[PDB]
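Here we start with a single chain on its own, the form deposited in one PDB entry, put down as structure tokens.
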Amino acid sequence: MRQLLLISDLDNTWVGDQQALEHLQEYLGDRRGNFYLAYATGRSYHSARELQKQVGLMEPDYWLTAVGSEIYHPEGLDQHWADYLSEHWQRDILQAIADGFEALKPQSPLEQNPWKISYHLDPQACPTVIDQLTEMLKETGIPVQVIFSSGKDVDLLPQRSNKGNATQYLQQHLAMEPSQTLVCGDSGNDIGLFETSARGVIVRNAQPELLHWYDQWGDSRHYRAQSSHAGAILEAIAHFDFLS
């Protein structure tokens, strides 16, 4: 029922340039009833909440955490989404395989959850290994997705997940159209957002992988901002003429 569904990652997209973050929240703060806000971050819910306290993030309507593997409504965790992602998902099997790659090191336990298996790629290892991993996991027949971002972060998620799928799920839930949705991202864990039919904005300080993606799949709904961080979101809002 609002004119805009604003979805954005936090670190180096919403957050990173304090001044830009502040004037972005000032502008939006003056028309808070005209849009739904959702943070689509790779961080866990607790880690996101912690960031909010550090930089003073404005309270969002929804939290799409751990790359969309968990969705938090004002009232709490979405159990429908969780059961949905649990169908045919085989965490143990996938983990056993991923654990077998010398080039991969598990991320801390606090970065893992039932629907997210994360690792770090060795800075000395050849990225092509990510391809070998993807192929090997897909062939198990388990609906799995491999998310590679910032040249080091690797997330194993159900196929039904990722920021984009969580976004579409949210859009349906709020009866918001893609034409009324704006996704903002900076890295490979945002590609899912741009595979969506919503309007999208790639921040100026975007990671190499996202830019490469844009070069190959960029469409007319995708905008490459001149501004970096929060500024790109204001720039995009003016570009797609949202909150007219």
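Each residue number is its position in the shown sequence, starting from 1. Throughout, rigid core stands for the largest set of C-alpha atoms superposing within 1.5 Å between the two forms.
Check: Where do the C-alpha atoms have the higher mean temperature factor in this entry, in 180 to 188 or in 40 to 48?
Finding: Higher mean C-alpha B-factor in the PDB entry: 40 to 48.
Notebook entry, point to check: Comparing 217 to 225 with 8 to 16, where is the mean C-alpha B-factor higher?
Noted result: Taking the mean B-factor of the alpha carbons in each, 217 to 225 is higher.
Item checked: Out of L193, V67, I202, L57, highest CA B-factor residue -> When the deposited C-alpha B-factors of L193, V67, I202, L57 are compared, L57 is largest.
Checklist line | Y84, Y119, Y72, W115, ranked by C-alpha B-factor: the highest one | finding: When the deposited C-alpha B-factors of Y84, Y119, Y72, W115 are compared, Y72 is largest.
Next item on the list: Could you say whether, by C-alpha temperature factor, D131 belongs to the lowest, middle or highest third of its chain?
Entry: Its C-alpha B-factor belongs to the middle third of this chain's values.
Next item on the list: Grab the CA temperature factor for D155 from the record and place it in the lowest, middle or highest third of its chain.
Entry: Lowest third, going by the recorded CA B-factors of the chain.
Notebook entry, point to check: Which third of the chain holds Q95 when residues are ordered by C-alpha B factor: lowest, middle or highest?
Noted result: Middle third, going by the recorded CA B-factors of the chain.
Check: Within this chain, which third does the Cα B-factor at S161 fall in: lowest, middle or highest?
Finding: Middle third.
Note to self: Which third, lowest, middle or highest, does the C-alpha temperature factor of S149 belong to within its own chain?
What the structure shows: Its C-alpha B-factor, which the entry lists for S149, ranks in the lowest third among residues of this chain.
Quick note: we don't show the form deposited in another entry, though the next part is all about it.
Note to self: On a rigid core superposition, would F101 pass a 2 Å threshold for CA movement between the shown form and the other one?
What the structure shows: Shift at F101: 2 Å or more after core fit.
Next item on the list: Align both forms on the core first, then report whether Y119 has a C-alpha shift of 2 Å or more between the shown form and the other one.
Entry: Yes, the C-alpha moves 2 Å or more.
Next item on the list: Align on the rigid core first; then say whether the Cα of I71 has moved by at least 2 Å between the shown form and the other one.
Entry: Shift at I71: below 2 Å after core fit.
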